[PDB]
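For reference, data.cif (mmCIF, C-alpha atoms and all ligand atoms; chains and numbers go by the auth columns):
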data_start
loop_
_atom_site.group_PDB
_atom_site.id
_atom_site.type_symbol
_atom_site.label_atom_id
_atom_site.label_comp_id
_atom_site.label_asym_id
_atom_site.label_seq_id
_atom_site.Cartn_x
_atom_site.Cartn_y
_atom_site.Cartn_z
_atom_site.B_iso_or_equiv
_atom_site.auth_seq_id
_atom_site.auth_asym_id
ATOM 1 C CA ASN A 1 -0.813 -11.195 -20.782 0.00 701 A
ATOM 2 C CA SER A 2 -2.891 -8.112 -20.110 0.00 702 A
ATOM 3 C CA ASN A 3 -2.243 -5.071 -22.353 0.00 703 A
ATOM 4 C CA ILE A 4 -2.806 -2.552 -19.532 0.00 704 A
ATOM 5 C CA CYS A 5 -0.933 -1.958 -16.249 0.00 705 A
ATOM 6 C CA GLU A 6 -2.542 -3.767 -13.347 0.00 706 A
ATOM 7 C CA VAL A 7 -2.105 -0.767 -11.018 0.00 707 A
ATOM 8 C CA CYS A 8 -3.001 2.316 -13.127 0.00 708 A
ATOM 9 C CA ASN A 9 -5.019 0.671 -15.945 0.00 709 A
ATOM 10 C CA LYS A 10 -3.088 2.499 -18.731 0.00 710 A
ATOM 11 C CA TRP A 11 -1.144 1.093 -21.674 0.00 711 A
ATOM 12 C CA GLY A 12 2.490 2.021 -22.238 0.00 712 A
ATOM 13 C CA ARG A 13 5.890 0.345 -21.686 0.00 713 A
ATOM 14 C CA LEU A 14 4.687 -2.745 -19.788 0.00 714 A
ATOM 15 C CA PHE A 15 6.621 -5.644 -18.195 0.00 715 A
ATOM 16 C CA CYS A 16 4.762 -8.914 -18.243 0.00 716 A
ATOM 17 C CA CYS A 17 4.527 -11.433 -15.439 0.00 717 A
ATOM 18 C CA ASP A 18 5.801 -14.947 -16.425 0.00 718 A
ATOM 19 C CA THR A 19 3.562 -16.779 -13.990 0.00 719 A
ATOM 20 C CA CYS A 20 0.278 -14.882 -14.318 0.00 720 A
ATOM 21 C CA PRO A 21 -1.261 -12.706 -17.040 0.00 721 A
ATOM 22 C CA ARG A 22 -0.667 -9.355 -15.232 0.00 722 A
ATOM 23 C CA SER A 23 1.396 -6.528 -16.589 0.00 723 A
ATOM 24 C CA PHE A 24 3.062 -3.458 -15.069 0.00 724 A
ATOM 25 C CA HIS A 25 4.696 -0.204 -15.757 0.00 725 A
ATOM 26 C CA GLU A 26 8.188 -0.213 -14.303 0.00 726 A
ATOM 27 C CA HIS A 27 7.512 2.099 -11.329 0.00 727 A
ATOM 28 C CA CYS A 28 3.888 1.098 -10.830 0.00 728 A
ATOM 29 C CA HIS A 29 5.073 -2.364 -9.666 0.00 729 A
ATOM 30 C CA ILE A 30 6.463 -2.374 -6.121 0.00 730 A
ATOM 31 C CA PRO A 31 9.324 -3.016 -5.805 0.00 731 A
ATOM 32 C CA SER A 32 10.137 -1.391 -9.303 0.00 732 A
ATOM 33 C CA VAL A 33 10.318 -4.129 -11.945 0.00 733 A
ATOM 34 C CA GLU A 34 13.699 -5.835 -11.655 0.00 734 A
ATOM 35 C CA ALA A 35 16.349 -5.213 -14.443 0.00 735 A
ATOM 36 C CA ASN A 36 17.107 -8.738 -15.646 0.00 736 A
ATOM 37 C CA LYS A 37 15.510 -11.981 -14.209 0.00 737 A
ATOM 38 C CA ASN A 38 13.914 -14.330 -16.788 0.00 738 A
ATOM 39 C CA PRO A 39 11.523 -15.660 -15.754 0.00 739 A
ATOM 40 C CA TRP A 40 10.095 -12.790 -13.679 0.00 740 A
ATOM 41 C CA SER A 41 7.310 -13.198 -11.205 0.00 741 A
ATOM 42 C CA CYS A 42 5.190 -10.194 -10.051 0.00 742 A
ATOM 43 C CA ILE A 43 4.346 -9.356 -6.459 0.00 743 A
ATOM 44 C CA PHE A 44 0.899 -11.002 -6.694 0.00 744 A
ATOM 45 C CA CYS A 45 2.650 -14.278 -7.676 0.00 745 A
ATOM 46 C CA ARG A 46 5.295 -13.910 -4.950 0.00 746 A
ATOM 47 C CA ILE A 47 2.630 -13.375 -2.277 0.00 747 A
ATOM 48 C CA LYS A 48 0.646 -16.360 -3.546 0.00 748 A
ATOM 49 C CA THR A 49 3.814 -18.475 -3.224 0.00 749 A
ATOM 50 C CA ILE A 50 4.343 -17.475 0.447 0.00 750 A
ATOM 51 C CA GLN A 51 0.771 -18.602 1.154 0.00 751 A
ATOM 52 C CA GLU A 52 1.204 -21.924 -0.693 0.00 752 A
ATOM 53 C CA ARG A 53 4.450 -22.737 1.073 0.00 753 A
ATOM 54 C CA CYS A 54 2.854 -22.087 4.499 0.00 754 A
ATOM 55 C CA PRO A 55 -0.895 -22.713 4.337 0.00 755 A
ATOM 56 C CA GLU A 56 -1.129 -22.084 8.088 0.00 756 A
ATOM 57 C CA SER A 57 -0.108 -18.461 7.417 0.00 757 A
ATOM 58 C CA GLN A 58 -3.743 -17.860 6.470 0.00 758 A
ATOM 59 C CA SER A 59 -5.138 -18.765 9.864 0.00 759 A
ATOM 60 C CA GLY A 60 -6.397 -15.696 11.802 0.00 760 A
ATOM 61 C CA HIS A 61 -3.966 -13.420 13.590 0.00 761 A
ATOM 62 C CA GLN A 62 -4.238 -10.625 16.160 0.00 762 A
ATOM 63 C CA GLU A 63 -3.370 -7.176 14.775 0.00 763 A
ATOM 64 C CA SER A 64 -1.228 -6.455 17.814 0.00 764 A
ATOM 65 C CA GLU A 65 1.022 -9.437 17.007 0.00 765 A
ATOM 66 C CA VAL A 66 1.234 -8.545 13.297 0.00 766 A
ATOM 67 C CA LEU A 67 2.285 -4.988 14.052 0.00 767 A
ATOM 68 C CA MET A 68 5.193 -6.105 16.267 0.00 768 A
ATOM 69 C CA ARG A 69 6.722 -8.306 13.581 0.00 769 A
ATOM 70 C CA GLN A 70 10.172 -7.360 12.427 0.00 770 A
ATOM 71 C CA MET A 71 10.436 -6.379 8.776 0.00 771 A
ATOM 72 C CA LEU A 72 12.137 -9.587 7.579 0.00 772 A
ATOM 73 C CA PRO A 73 11.888 -10.289 3.777 0.00 773 A
ATOM 74 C CA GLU A 74 8.380 -11.761 3.848 0.00 774 A
ATOM 75 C CA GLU A 75 6.927 -8.909 5.960 0.00 775 A
ATOM 76 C CA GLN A 76 8.758 -6.376 3.732 0.00 776 A
ATOM 77 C CA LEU A 77 7.063 -8.000 0.711 0.00 777 A
ATOM 78 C CA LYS A 78 3.612 -8.041 2.367 0.00 778 A
ATOM 79 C CA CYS A 79 3.904 -4.304 3.127 0.00 779 A
ATOM 80 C CA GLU A 80 5.039 -3.622 -0.479 0.00 780 A
ATOM 81 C CA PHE A 81 1.989 -5.490 -1.742 0.00 781 A
ATOM 82 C CA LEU A 82 -0.390 -3.704 0.661 0.00 782 A
ATOM 83 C CA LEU A 83 1.035 -0.308 -0.558 0.00 783 A
ATOM 84 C CA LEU A 84 0.509 -1.476 -4.136 0.00 784 A
ATOM 85 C CA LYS A 85 -3.090 -2.421 -3.450 0.00 785 A
ATOM 86 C CA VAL A 86 -3.724 1.178 -2.324 0.00 786 A
ATOM 87 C CA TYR A 87 -2.110 2.578 -5.494 0.00 787 A
ATOM 88 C CA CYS A 88 -4.439 0.261 -7.462 0.00 788 A
ATOM 89 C CA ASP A 89 -7.395 2.500 -6.475 0.00 789 A
ATOM 90 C CA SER A 90 -7.646 5.601 -8.625 0.00 790 A
ATOM 91 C CA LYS A 91 -8.511 7.689 -5.558 0.00 791 A
ATOM 92 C CA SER A 92 -4.930 7.116 -4.366 0.00 792 A
ATOM 93 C CA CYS A 93 -3.904 10.080 -6.643 0.00 793 A
ATOM 94 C CA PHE A 94 -5.040 12.454 -3.869 0.00 794 A
ATOM 95 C CA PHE A 95 -2.607 10.945 -1.412 0.00 795 A
ATOM 96 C CA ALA A 96 0.397 10.102 -3.633 0.00 796 A
ATOM 97 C CA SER A 97 2.472 13.256 -3.705 0.00 797 A
ATOM 98 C CA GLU A 98 3.398 15.720 -1.017 0.00 798 A
ATOM 99 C CA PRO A 99 0.418 17.751 0.188 0.00 799 A
ATOM 100 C CA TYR A 100 0.189 21.396 1.222 0.00 800 A
ATOM 101 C CA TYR A 101 -2.235 23.070 3.563 0.00 801 A
ATOM 102 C CA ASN A 102 -3.782 26.534 3.169 0.00 802 A
ATOM 103 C CA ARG A 103 -7.483 26.508 3.976 0.00 803 A
ATOM 104 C CA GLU A 104 -9.410 29.147 5.935 0.00 804 A
ATOM 105 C CA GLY A 105 -10.232 27.690 9.376 0.00 805 A
ATOM 106 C CA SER A 106 -7.780 24.773 9.331 0.00 806 A
ATOM 107 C CA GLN A 107 -4.214 24.231 10.274 0.00 807 A
ATOM 108 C CA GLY A 108 -2.012 21.660 8.495 0.00 808 A
ATOM 109 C CA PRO A 109 -0.898 18.476 10.298 0.00 809 A
ATOM 110 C CA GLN A 110 2.136 18.310 12.512 0.00 810 A
ATOM 111 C CA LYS A 111 3.440 15.333 10.551 0.00 811 A
ATOM 112 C CA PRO A 112 2.505 15.314 6.899 0.00 812 A
ATOM 113 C CA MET A 113 2.571 11.931 5.116 0.00 813 A
ATOM 114 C CA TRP A 114 1.945 10.658 1.613 0.00 814 A
ATOM 115 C CA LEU A 115 2.113 7.454 -0.394 0.00 815 A
ATOM 116 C CA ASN A 116 5.318 8.249 -2.344 0.00 816 A
ATOM 117 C CA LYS A 117 7.086 8.958 0.956 0.00 817 A
ATOM 118 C CA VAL A 118 6.014 5.561 2.306 0.00 818 A
ATOM 119 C CA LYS A 119 7.162 4.009 -1.019 0.00 819 A
ATOM 120 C CA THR A 120 10.621 5.588 -0.607 0.00 820 A
ATOM 121 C CA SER A 121 10.762 4.601 3.046 0.00 821 A
ATOM 122 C CA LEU A 122 10.088 0.976 2.147 0.00 822 A
ATOM 123 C CA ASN A 123 12.628 1.087 -0.670 0.00 823 A
ATOM 124 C CA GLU A 124 15.268 2.493 1.680 0.00 824 A
ATOM 125 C CA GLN A 125 14.477 -0.178 4.417 0.00 825 A
ATOM 126 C CA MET A 126 13.555 2.511 6.962 0.00 826 A
ATOM 127 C CA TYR A 127 10.889 0.512 8.752 0.00 827 A
ATOM 128 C CA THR A 128 12.108 -2.095 11.257 0.00 828 A
ATOM 129 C CA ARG A 129 8.640 -3.375 12.179 0.00 829 A
ATOM 130 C CA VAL A 130 5.314 -3.691 10.431 0.00 830 A
ATOM 131 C CA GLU A 131 3.949 -1.126 12.923 0.00 831 A
ATOM 132 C CA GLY A 132 6.139 1.649 11.374 0.00 832 A
ATOM 133 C CA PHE A 133 4.633 1.095 7.935 0.00 833 A
ATOM 134 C CA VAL A 134 1.012 0.780 9.186 0.00 834 A
ATOM 135 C CA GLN A 135 1.332 3.901 11.388 0.00 835 A
ATOM 136 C CA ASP A 136 2.515 6.047 8.443 0.00 836 A
ATOM 137 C CA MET A 137 -0.272 4.647 6.189 0.00 837 A
ATOM 138 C CA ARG A 138 -2.963 5.363 8.788 0.00 838 A
ATOM 139 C CA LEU A 139 -1.517 8.833 9.387 0.00 839 A
ATOM 140 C CA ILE A 140 -2.141 9.733 5.732 0.00 840 A
ATOM 141 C CA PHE A 141 -5.866 9.317 6.172 0.00 841 A
ATOM 142 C CA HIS A 142 -6.077 10.673 9.702 0.00 842 A
ATOM 143 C CA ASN A 143 -4.319 13.878 8.623 0.00 843 A
ATOM 144 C CA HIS A 144 -6.802 14.273 5.746 0.00 844 A
ATOM 145 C CA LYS A 145 -9.867 13.757 7.952 0.00 845 A
ATOM 146 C CA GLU A 146 -8.610 16.254 10.466 0.00 846 A
ATOM 147 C CA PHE A 147 -7.688 18.976 7.889 0.00 847 A
ATOM 148 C CA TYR A 148 -10.866 18.798 5.786 0.00 848 A
ATOM 149 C CA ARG A 149 -13.197 18.857 8.822 0.00 849 A
ATOM 150 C CA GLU A 150 -16.763 19.050 7.466 0.00 850 A
ATOM 151 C CA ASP A 151 -15.945 19.518 3.807 0.00 851 A
ATOM 152 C CA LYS A 152 -17.337 16.566 1.925 0.00 852 A
ATOM 153 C CA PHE A 153 -13.815 16.018 0.563 0.00 853 A
ATOM 154 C CA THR A 154 -13.083 14.295 3.865 0.00 854 A
ATOM 155 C CA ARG A 155 -14.825 11.267 2.429 0.00 855 A
ATOM 156 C CA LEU A 156 -11.935 10.559 0.051 0.00 856 A
ATOM 157 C CA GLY A 157 -9.841 9.792 3.153 0.00 857 A
ATOM 158 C CA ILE A 158 -12.500 7.424 4.477 0.00 858 A
ATOM 159 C CA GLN A 159 -12.762 5.670 1.146 0.00 859 A
ATOM 160 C CA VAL A 160 -9.046 5.106 0.625 0.00 860 A
ATOM 161 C CA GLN A 161 -8.536 4.139 4.280 0.00 861 A
ATOM 162 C CA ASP A 162 -11.192 1.448 3.821 0.00 862 A
ATOM 163 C CA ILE A 163 -9.232 0.000 0.834 0.00 863 A
ATOM 164 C CA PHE A 164 -6.084 0.035 2.954 0.00 864 A
ATOM 165 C CA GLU A 165 -7.780 -1.630 5.949 0.00 865 A
ATOM 166 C CA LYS A 166 -9.528 -4.385 3.941 0.00 866 A
ATOM 167 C CA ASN A 167 -6.277 -5.246 2.192 0.00 867 A
ATOM 168 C CA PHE A 168 -4.341 -5.152 5.539 0.00 868 A
ATOM 169 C CA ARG A 169 -6.795 -7.660 7.052 0.00 869 A
ATOM 170 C CA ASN A 170 -6.517 -9.931 3.921 0.00 870 A
ATOM 171 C CA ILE A 171 -2.728 -9.815 3.345 0.00 871 A
ATOM 172 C CA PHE A 172 -1.817 -10.300 7.001 0.00 872 A
ATOM 173 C CA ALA A 173 -4.712 -12.718 7.668 0.00 873 A
ATOM 174 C CA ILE A 174 -6.194 -10.804 10.557 0.00 874 A
ATOM 175 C CA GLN A 175 -8.785 -12.857 12.523 0.00 875 A
ATOM 176 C CA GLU A 176 -12.276 -12.109 11.303 0.00 876 A
ATOM 177 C CA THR A 177 -14.579 -10.364 13.811 0.00 877 A
ATOM 178 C CA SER A 178 -17.935 -8.558 14.019 0.00 878 A
HETATM 179 ZN ZN ZN B . 0.911 1.709 -14.371 0.00 901 B
HETATM 180 ZN ZN ZN B . 2.210 -12.600 -11.611 0.00 902 B
HETATM 181 ZN ZN ZN B . 4.561 -25.497 6.483 0.00 903 B
#
Please re-express this file's structure in C-alpha cells.
Ligand SMILES: [Zn+2]
Ligand SMILES: [Zn+2]
Ligand SMILES: [Zn+2]
Amino acid sequence: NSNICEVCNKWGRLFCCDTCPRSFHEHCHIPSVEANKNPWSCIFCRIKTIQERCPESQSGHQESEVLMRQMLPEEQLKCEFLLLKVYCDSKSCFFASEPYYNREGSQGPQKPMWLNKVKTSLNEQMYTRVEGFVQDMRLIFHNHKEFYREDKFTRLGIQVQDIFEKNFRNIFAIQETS
C-alpha cells in the first residue's frame, strides 16, 4: 500500500485498502474509515464495483435526470466520492471550513456554504435527492465568485468548481457534449 493519504498526501495514522494500494487518514476518507471490517474496501473500490456490476451505468445520462434521483445507497456513495474528489485538490482548503465576510465594497452571501458543512449534511442523511447535494456544492463556488468580484482570488473558485464539475460528469456518467 501507499505510505501517504490519498486525499491530503501526508503520512500519519493511515488505514489501508484491502483491494487496492490506497491509504487514508480516518477522517480524510468519506465516509470516515469504518471501525472493524476485515477486509475493508475504500470508496474508490466500492465505486468501481458498482460500475462492474452494472456496466450500462456508464452510458451517458442527462444531468436533469441525475439531479432528480433519490439518495438511495448508491447515489449516497457517489455523492460521498464526488465530495472526496474535491477534498483531494489542495485548493479545497479555501472552501473547507466556515467562511466569514468583511471586505470593503462587498457584502457576504445570503446563504454561506462550505465543504465540511456538506460533509456533515451527507453524514446526517439530510439530502433526499442528488440535486440537494449538487446545489450546495455549486453554491460554495458561486458565493466565492460573487464576493471576490474582480480580485484575482476569484479564480480559486473557478478552479475548484472545475474539479467538482469534471468529477460530477465522470462519476454520474453525464452524456458527453461540445
Ligand atoms: Zn489525509
Ligand atoms: Zn481501494
Ligand atoms: Zn446488469
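With CA of residue 761 (chain A) on one side and CA of residue 731 (chain A) on the other, the separation reads 25.7 Å.
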Inset, instruction - Select, from A:820, A:723, A:749, A:709, the residue with the minimum atom-to-atom distance to residue 833 (chain A), counting only C-alpha atoms. - result: A:820
Inset, instruction - Run the PyMOL selection byres (((chain A and resi 803-819) around 7) and not hetatm) against the file shown and list the residues it catches, as JSON, numbers by chain. - result: {"A": [795, 796, 797, 798, 801, 802, 820, 821, 822, 823, 836, 839, 840, 843, 847]}
Within 10 Å of ligand ZN 902 (chain B), which residues of chain A show up? Give each one with its shortest atom-to-atom distance in Å (one decimal) and the two atoms involved, counting all atoms listed in the file, rows by chain then rising residue number, as JSON lines.
{"residue": "A:701", "atom": "CA", "partner": "B:ZN902", "partner_atom": "ZN", "distance": 9.8}
{"residue": "A:716", "atom": "CA", "partner": "B:ZN902", "partner_atom": "ZN", "distance": 8.0}
{"residue": "A:717", "atom": "CA", "partner": "B:ZN902", "partner_atom": "ZN", "distance": 4.6}
{"residue": "A:718", "atom": "CA", "partner": "B:ZN902", "partner_atom": "ZN", "distance": 6.4}
{"residue": "A:719", "atom": "CA", "partner": "B:ZN902", "partner_atom": "ZN", "distance": 5.0}
{"residue": "A:720", "atom": "CA", "partner": "B:ZN902", "partner_atom": "ZN", "distance": 4.0}
{"residue": "A:721", "atom": "CA", "partner": "B:ZN902", "partner_atom": "ZN", "distance": 6.4}
{"residue": "A:722", "atom": "CA", "partner": "B:ZN902", "partner_atom": "ZN", "distance": 5.6}
{"residue": "A:723", "atom": "CA", "partner": "B:ZN902", "partner_atom": "ZN", "distance": 7.9}
{"residue": "A:724", "atom": "CA", "partner": "B:ZN902", "partner_atom": "ZN", "distance": 9.8}
{"residue": "A:740", "atom": "CA", "partner": "B:ZN902", "partner_atom": "ZN", "distance": 8.2}
{"residue": "A:741", "atom": "CA", "partner": "B:ZN902", "partner_atom": "ZN", "distance": 5.2}
{"residue": "A:742", "atom": "CA", "partner": "B:ZN902", "partner_atom": "ZN", "distance": 4.1}
{"residue": "A:743", "atom": "CA", "partner": "B:ZN902", "partner_atom": "ZN", "distance": 6.5}
{"residue": "A:744", "atom": "CA", "partner": "B:ZN902", "partner_atom": "ZN", "distance": 5.3}
{"residue": "A:745", "atom": "CA", "partner": "B:ZN902", "partner_atom": "ZN", "distance": 4.3}
{"residue": "A:746", "atom": "CA", "partner": "B:ZN902", "partner_atom": "ZN", "distance": 7.5}
{"residue": "A:747", "atom": "CA", "partner": "B:ZN902", "partner_atom": "ZN", "distance": 9.4}
{"residue": "A:748", "atom": "CA", "partner": "B:ZN902", "partner_atom": "ZN", "distance": 9.0}
Inset, instruction - Measure the distance from CA of residue 871 (chain A) to CA of residue 782 (chain A) in Å and round it to one decimal. - result: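 Taking CA of residue 871 (chain A) as the start and CA of residue 782 (chain A) as the end point, the length is 7.1 Å.
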Legend entry - Polymer residues at most 6 Å from region 764-776 of chain A, all atoms listed in the file, same-chain spacing of 4 or more positions, as number ranges by chain: A: 828-831
Inset, instruction - Starting from the shown file, work through the PyMOL selection byres (((chain A and resi 705) around 9) and not hetatm) and note down what comes out as number ranges by chain. - result: A: 702-704, 706-712, 714-715, 722-725, 728-729
Take the residues just selected and output them with C-alpha atoms as a PDB file, in the frame of the given file.
ATOM      1  CA  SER A 702      -2.891  -8.112 -20.110  1.00  0.00           C
ATOM      2  CA  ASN A 703      -2.243  -5.071 -22.353  1.00  0.00           C
ATOM      3  CA  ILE A 704      -2.806  -2.552 -19.532  1.00  0.00           C
ATOM      4  CA  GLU A 706      -2.542  -3.767 -13.347  1.00  0.00           C
ATOM      5  CA  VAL A 707      -2.105  -0.767 -11.018  1.00  0.00           C
ATOM      6  CA  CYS A 708      -3.001   2.316 -13.127  1.00  0.00           C
ATOM      7  CA  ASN A 709      -5.019   0.671 -15.945  1.00  0.00           C
ATOM      8  CA  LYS A 710      -3.088   2.499 -18.731  1.00  0.00           C
ATOM      9  CA  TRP A 711      -1.144   1.093 -21.674  1.00  0.00           C
ATOM     10  CA  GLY A 712       2.490   2.021 -22.238  1.00  0.00           C
ATOM     11  CA  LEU A 714       4.687  -2.745 -19.788  1.00  0.00           C
ATOM     12  CA  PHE A 715       6.621  -5.644 -18.195  1.00  0.00           C
ATOM     13  CA  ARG A 722      -0.667  -9.355 -15.232  1.00  0.00           C
ATOM     14  CA  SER A 723       1.396  -6.528 -16.589  1.00  0.00           C
ATOM     15  CA  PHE A 724       3.062  -3.458 -15.069  1.00  0.00           C
ATOM     16  CA  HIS A 725       4.696  -0.204 -15.757  1.00  0.00           C
ATOM     17  CA  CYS A 728       3.888   1.098 -10.830  1.00  0.00           C
ATOM     18  CA  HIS A 729       5.073  -2.364  -9.666  1.00  0.00           C
TER      19      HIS A 729
END
Inset, instruction - I would like the residues chosen by the PyMOL selection byres (((not hetatm)) within 8 of (chain B and resi 903)) on the shown file; could you give them as a list in words? - result: residues 753, 754, 755 and 756 of chain A
Legend entry - From A:872, A:877, A:791, A:857, residue lying nearest residue 757 (chain A) [only C-alpha atoms]: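 Of the candidates, the smallest distance to residue 757 (chain A) is held by A:872.
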Legend entry - Best match for closeness to ligand ZN 901 (chain B) among A:751, A:790, A:866, A:760, counting only C-alpha atoms and all ligand atoms: A:790
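Atom to atom, CA of residue 841 (chain A) and CA of residue 783 (chain A) stand 13.6 Å apart.
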Inset, instruction - Could you tell me which of A:733, A:863, A:837, A:873 comes closest to ligand ZN 901 (chain B) if we count only C-alpha atoms and all ligand atoms? - result: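 Closest to ligand ZN 901 (chain B), using only C-alpha atoms and all ligand atoms: A:733.
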Inset, instruction - Select, from A:750, A:865, A:800, A:844, the residue with the minimum atom-to-atom distance to residue 777 (chain A), counting only C-alpha atoms. - result: A:750
Legend entry - Which of A:736, A:763, A:787, A:827 sits closest to ligand ZN 901 (chain B) [using all atoms listed in the file]: A:787
If I only have part of region 765-785 of chain A, can you fill in N, CA and C atoms and write it as an mmCIF file, in the frame of the given file?
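Below is the file selection.cif, written as the result:
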data_model
loop_
_atom_site.group_PDB
_atom_site.id
_atom_site.type_symbol
_atom_site.label_atom_id
_atom_site.label_comp_id
_atom_site.auth_asym_id
_atom_site.auth_seq_id
_atom_site.Cartn_x
_atom_site.Cartn_y
_atom_site.Cartn_z
ATOM 1 N N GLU A 765 -0.101 -8.572 17.296
ATOM 2 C CA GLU A 765 1.022 -9.437 17.007
ATOM 3 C C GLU A 765 1.614 -9.121 15.653
ATOM 4 N N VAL A 766 0.745 -8.878 14.671
ATOM 5 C CA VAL A 766 1.234 -8.545 13.297
ATOM 6 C C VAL A 766 2.077 -7.270 13.351
ATOM 7 N N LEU A 767 1.608 -6.263 14.073
ATOM 8 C CA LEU A 767 2.285 -4.988 14.052
ATOM 9 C C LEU A 767 3.678 -5.084 14.637
ATOM 10 N N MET A 768 3.878 -5.958 15.656
ATOM 11 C CA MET A 768 5.193 -6.105 16.267
ATOM 12 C C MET A 768 6.175 -6.929 15.477
ATOM 13 N N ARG A 769 5.764 -7.526 14.354
ATOM 14 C CA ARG A 769 6.722 -8.306 13.581
ATOM 15 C C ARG A 769 7.835 -7.451 13.008
ATOM 16 N N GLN A 770 9.069 -7.936 13.114
ATOM 17 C CA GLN A 770 10.172 -7.360 12.427
ATOM 18 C C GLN A 770 10.005 -7.449 10.893
ATOM 19 N N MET A 771 10.523 -6.452 10.216
ATOM 20 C CA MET A 771 10.436 -6.379 8.776
ATOM 21 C C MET A 771 11.471 -7.303 8.070
ATOM 22 N N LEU A 772 11.386 -8.625 8.331
ATOM 23 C CA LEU A 772 12.137 -9.587 7.579
ATOM 24 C C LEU A 772 11.583 -9.618 6.136
ATOM 25 N N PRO A 773 12.299 -10.256 5.180
ATOM 26 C CA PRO A 773 11.888 -10.289 3.777
ATOM 27 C C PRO A 773 10.414 -10.535 3.457
ATOM 28 N N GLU A 774 9.799 -11.504 4.115
ATOM 29 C CA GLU A 774 8.380 -11.761 3.848
ATOM 30 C C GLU A 774 7.434 -10.643 4.318
ATOM 31 N N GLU A 775 7.718 -10.027 5.479
ATOM 32 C CA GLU A 775 6.927 -8.909 5.960
ATOM 33 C C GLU A 775 7.170 -7.657 5.122
ATOM 34 N N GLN A 776 8.408 -7.436 4.730
ATOM 35 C CA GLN A 776 8.758 -6.376 3.732
ATOM 36 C C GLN A 776 7.897 -6.540 2.467
ATOM 37 N N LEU A 777 7.867 -7.750 1.897
ATOM 38 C CA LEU A 777 7.063 -8.000 0.711
ATOM 39 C C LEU A 777 5.565 -7.767 0.908
ATOM 40 N N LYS A 778 5.013 -8.249 2.038
ATOM 41 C CA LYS A 778 3.612 -8.041 2.367
ATOM 42 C C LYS A 778 3.278 -6.553 2.464
ATOM 43 N N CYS A 779 4.185 -5.763 3.034
ATOM 44 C CA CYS A 779 3.904 -4.304 3.127
ATOM 45 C C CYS A 779 3.984 -3.665 1.743
ATOM 46 N N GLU A 780 4.958 -4.078 0.940
ATOM 47 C CA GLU A 780 5.039 -3.622 -0.479
ATOM 48 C C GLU A 780 3.756 -3.915 -1.247
ATOM 49 N N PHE A 781 3.220 -5.134 -1.103
ATOM 50 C CA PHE A 781 1.989 -5.490 -1.742
ATOM 51 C C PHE A 781 0.760 -4.685 -1.282
ATOM 52 N N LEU A 782 0.697 -4.468 0.035
ATOM 53 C CA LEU A 782 -0.390 -3.704 0.661
ATOM 54 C C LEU A 782 -0.345 -2.257 0.120
ATOM 55 N N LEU A 783 0.855 -1.686 0.061
ATOM 56 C CA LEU A 783 1.035 -0.308 -0.558
ATOM 57 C C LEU A 783 0.577 -0.313 -2.010
ATOM 58 N N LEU A 784 0.940 -1.362 -2.750
ATOM 59 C CA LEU A 784 0.509 -1.476 -4.136
ATOM 60 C C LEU A 784 -0.985 -1.597 -4.311
ATOM 61 N N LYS A 785 -1.647 -2.288 -3.394
ATOM 62 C CA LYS A 785 -3.090 -2.421 -3.450
ATOM 63 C C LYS A 785 -3.798 -1.079 -3.272
#
